[PDB]
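>>> A structural model of the following input is requested.
(chains A, B, C, D, E and F, ligands or ions: 5)
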Amino acid sequence: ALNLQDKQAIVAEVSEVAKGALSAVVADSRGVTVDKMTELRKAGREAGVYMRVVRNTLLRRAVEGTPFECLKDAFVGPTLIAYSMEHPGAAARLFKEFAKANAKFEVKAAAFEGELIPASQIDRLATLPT
Amino acid sequence: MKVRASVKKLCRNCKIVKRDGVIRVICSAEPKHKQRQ
Amino acid sequence: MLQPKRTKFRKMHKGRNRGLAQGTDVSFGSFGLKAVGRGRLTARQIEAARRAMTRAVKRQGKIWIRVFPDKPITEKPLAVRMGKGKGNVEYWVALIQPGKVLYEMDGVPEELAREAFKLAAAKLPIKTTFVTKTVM
Amino acid sequence: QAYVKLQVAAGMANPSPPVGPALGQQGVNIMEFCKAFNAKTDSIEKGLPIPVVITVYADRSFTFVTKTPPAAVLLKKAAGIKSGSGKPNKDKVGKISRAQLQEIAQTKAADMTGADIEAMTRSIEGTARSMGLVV
Amino acid sequence: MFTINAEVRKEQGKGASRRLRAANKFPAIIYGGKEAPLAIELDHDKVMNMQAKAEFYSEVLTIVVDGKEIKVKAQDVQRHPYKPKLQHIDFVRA
RNA sequence: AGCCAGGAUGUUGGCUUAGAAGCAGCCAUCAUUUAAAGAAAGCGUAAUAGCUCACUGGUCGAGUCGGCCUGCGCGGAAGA
Ligand SMILES: [Mg+2]
Ligand SMILES: [Mg+2]
Ligand SMILES: [Mg+2]
Ligand SMILES: [Mg+2]
Ligand SMILES: [Zn+2]
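Numbering: from 1, shown residues only, chains lettered A, B, ... in the order given. Ligands and ions are numbered 1, 2, ... in the order given. Please see the structure below:
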């Protein structure tokens, strides 16, 4: 993450939540590769061949990289509150895959409080596709 | 317990320390690595 | 090993060992190991270092030796009283003055060349250290 | 759970003698084993094995979702010998060709996780050079 | 962008230049064409971090001596035979 | 650095392997999910099964990790 690579990362955190504006939590606390496939390969099969969640989850990697869109990002910094992005979606069906993968084989990484883009909570949101 | 005047590290857990005028080499999980200068 | 195929006359004097070097810089390849101390190199030590460094290069690249021993050192035989002449040549020695290079290498990269020259440094009586290829 | 591929030949029940009791160590029994073991292979042929995911249970009724034969052995019938590749840098024996893998990759395409064909062709060209059959 | 800041030596020769070598400096010479040989000193460690590039020996150098930015190129260099140092440089007026 | 959890498999590197699924070699080292899982740097066997290292996802509130030239010091250093 140099100057010329966090420039690409701020390009990513402009153009990645400019259209699908969701950020969330997933981290290697039940991180074993085949167990990680329960989120990763299933998100890849839900998407095309381009699945990218790729994470840079830290305290001081928040207020400098985010600040074009959704400036409530000051509650993602400490305590491993992570970075999961969806390029399409608006409280879509993938928003609760982390809740499903925590109810089934994960050990409460960072409570996954949704990062509050429609001012969400730790629960499945109401505006969910049925 | 070697005695040598050319001590070295071998594995990734060799901890050169200095106790009482002696440059000791020790390791956590190896009886053969244990040394003395 | 190396040895003269021919000397003009049989036995040479000792001389002395003053002066700086002549073959100072790297002249052929890319990497060099260069002497620092003052001393004397026999016929055996340089070919022993040649094997001990060829064993690390693993027949790759190319290496050059420049020093070649030609001084007919002698010995007086044991239990002979000191008179009655000089002695017969026992081995052939080179003279190394401070700064003279011994070997040069190309091809094989530098981080391998650190320990690949350190092994042949550890069989040599005078302290040497590494030098690089200088563009003028 | 318990996913490392090791099994026996096809048409012979009581599946010890290649491996031994390393399948039926625990309480999962031969009635549950054999009545799917030679029963599945009326859709998958005889000569090449079948990877079935074994799993140690406490409920004792083990299930089955099957898959496709492996490329540690299958490289024989796309090449032309059961055992051929002897020391392949000095005295060569075997080779593999280019385009004949659109069959092998994506005739069983729901089993493998990839839809691009040419990035999956070299993935078994590497297995040919992993058994010696250099191109 | 390679520059040189230097001044001119007082007394020349061996015994003076050895103390000038000891005091973090080293001699040079600037000759060529119409201007006479200028016999100056240089800074040692402030050009050790400049001779580490080939643009020293392939690029123009501007020396600030006598209030005159002379435009030179590197000509020849001597070195201590068993030290990582610099000894004496030539500079042509070209 | 310290406090959660990796350290895949495409894959079961294999020639015919006592056995073969990485470590006992002389076979590529590409790659599909690529944050990655080295068709592997060491344990274990009949090869192993699983847990171990980076790989990279963490946490953390002011400094750094290892090269050059030198001043000094330390061991190497057993006697009638
Ligand atoms: Mg004590
Ligand atoms: Mg001489
Ligand atoms: Mg004098
Ligand atoms: Mg006494
Ligand atoms: Zn040890």
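>>> Smallest gap between chain E and ligand 2, at which residue?
residue E:81 (11.7 Å; Cβ to the ion). C-beta coordinates here come from the backbone N, C-alpha and C atoms, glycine included.
>>> Could you find the closest non-adjacent residue to that residue?
residue C:99 (3.1 Å; Cβ to Cβ, 6 or more residues apart in numbering or on different chains).
>>> List the residues that contact that neighbour.
Neighbouring residues of residue C:99 by Cβ atoms under 8 Å, 6 or more residues apart in numbering or on different chains: C:20-21, C:24, C:34-36, E:81-82.
>>> Mind jotting down where the strands sit in chain C?
Here chain C has its strands, by DSSP state E, at C:31-35, C:39-42, C:63-65, C:71-75, C:88-96, C:101-105, C:128-132.
>>> For whichever residue of chain B sits closest to chain E, pull up the helix or strand it's in.
Residue nearest to chain E within chain B: residue B:6 (25.0 Å; Cβ to the nearest Cβ). Here residue B:6 sits in a region with no helix or strand, counting by DSSP states H and E.
>>> Could you give the number of residues near the residue of chain A at minimum distance from ligand 2?
Closest to ligand 2 within chain A is residue A:2: 52.6 Å, counting by Cβ to the ion. Residue A:2: 8 surrounding residues under other Cβ atoms under 10 Å in any protein chain shown.
>>> Please report phi then psi for it.
When read as degrees, to the nearest 10, the backbone of residue A:2 gives phi -80, psi -170.
>>> And for the one 5 residues further on?
As for residue A:7, its main-chain torsions (degrees, to the nearest 10) stand at phi -60, psi -40.
>>> Could you measure from it over to RNA strand F?
With distances taken as Cβ to the nearest atom of the strand, to the nearest Å, residue A:7 is found 16 Å from RNA strand F.
>>> How about residue A:35?
Counting by Cβ to the nearest atom of the strand, the gap from residue A:35 to RNA strand F is 8 Å.
>>> what residues does chain D put near RNA strand F?
D:2-7, D:18-20, D:22, D:49, D:51, D:70-73, D:83-89, D:112-114, D:116, D:119-120, D:122-124, D:126-127, D:129-132, D:134 (Cβ under 7 Å from any atom of the strand).
>>> Drop anything exposed from those.
For the residues of chain D next to RNA strand F, a neighbour count by 16 or more other Cβ atoms under 10 Å in any protein chain shown gives the buried set as D:7, D:49, D:71, D:85, D:88, D:120, D:124, D:127, D:129, D:131-132.
>>> picking up where we left off before, just among the contacts of residue C:99, which is most surrounded?
residue C:35 leads those on contacts (other Cβ under 10 Å) with 24 neighbours.
>>> Reduced to three states, what does the residue most central in space within chain E come out as?
Geometric centre of chain E, nearest residue: residue E:28, 4.1 Å, by Cα atoms, centre = their mean. Here residue E:28 is strand, with the state taken from DSSP: H, G, I helix; E, B strand; the rest coil.
>>> and residue C:14, what does it touch?
Residue C:14 neighbours (Cβ under 8 Å, 6+ apart): none.
>>> could you dump the longest helix seen in chain D to CSV, C-alpha only?
Taking DSSP state H as the criterion, chain D has its longest helix at helix D:118-131. Extracted in CSV, the C-alpha atoms of helix D:118-131 (Å, rounded to 0.1, in the frame of the first residue of the first chain):
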residue,chain,number,x,y,z
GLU,D,118,-7.7,-22.4,-21.6
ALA,D,119,-6.7,-21.5,-18.0
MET,D,120,-8.0,-25.0,-17.1
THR,D,121,-6.2,-26.8,-20.0
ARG,D,122,-2.7,-25.9,-18.7
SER,D,123,-3.9,-27.1,-15.3
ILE,D,124,-3.7,-30.7,-16.5
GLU,D,125,-0.8,-30.0,-18.9
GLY,D,126,0.9,-29.3,-15.6
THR,D,127,-0.3,-32.7,-14.4
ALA,D,128,1.2,-34.3,-17.6
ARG,D,129,4.5,-32.6,-16.8
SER,D,130,3.9,-33.7,-13.1
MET,D,131,3.9,-37.3,-14.2
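>>> wait, what's in contact with whatever residue of chain C ends up closest to ligand 2?
Nearest residue of chain C to ligand 2 (Cβ to the ion) works out as residue C:19 at 4.2 Å. Neighbouring residues of residue C:19 by Cβ under 8 Å, 6+ apart: residue C:97.
>>> thinking again about what came up before, what's the closest of the strands of chain C to ligand 5?
strand C:128-132 (30.1 Å).
>>> For the chain, which segments count as strands?
If you meant another chain, say so; for now it's chain A. A:22-24, A:84-86.
>>> nope, chain E please
Listed in chain order, the strands of chain E (DSSP E) span E:3-5, E:25-31, E:41-43, E:61-65, E:68-78, E:88-92.
>>> any chance of those strands in JSON lines, plus distance to residue C:10?
Compiled in JSON lines, the strands of chain E are given as follows (distance: least, Cβ to Cβ, whole Å):
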{"stretch": "strand E:3-5", "distance to residue C:10": "57"}
{"stretch": "strand E:25-31", "distance to residue C:10": "47"}
{"stretch": "strand E:41-43", "distance to residue C:10": "52"}
{"stretch": "strand E:61-65", "distance to residue C:10": "56"}
{"stretch": "strand E:68-78", "distance to residue C:10": "40"}
{"stretch": "strand E:88-92", "distance to residue C:10": "44"}
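>>> ok, and does stretch C:91-103 reach over to RNA strand F?
No. Applying Cβ under 7 Å from any atom of the strand, one finds stretch C:91-103 separated from RNA strand F by no less than 12.1 Å.
>>> Quote the end-to-end distance of that stretch.
Taking Cα to Cα, to the nearest Å, stretch C:91-103 runs 21 Å from one end to the other.
>>> Pull out the buried positions in that stretch.
Buried, per 16+ other Cβ under 10 Å, within stretch C:91-103: C:92-103.
>>> again with stretch D:18-33
D:23-24, D:28, D:32-33.
>>> before we move on, what about stretch A:4-18?
A:6, A:9, A:12-13, A:16-17.
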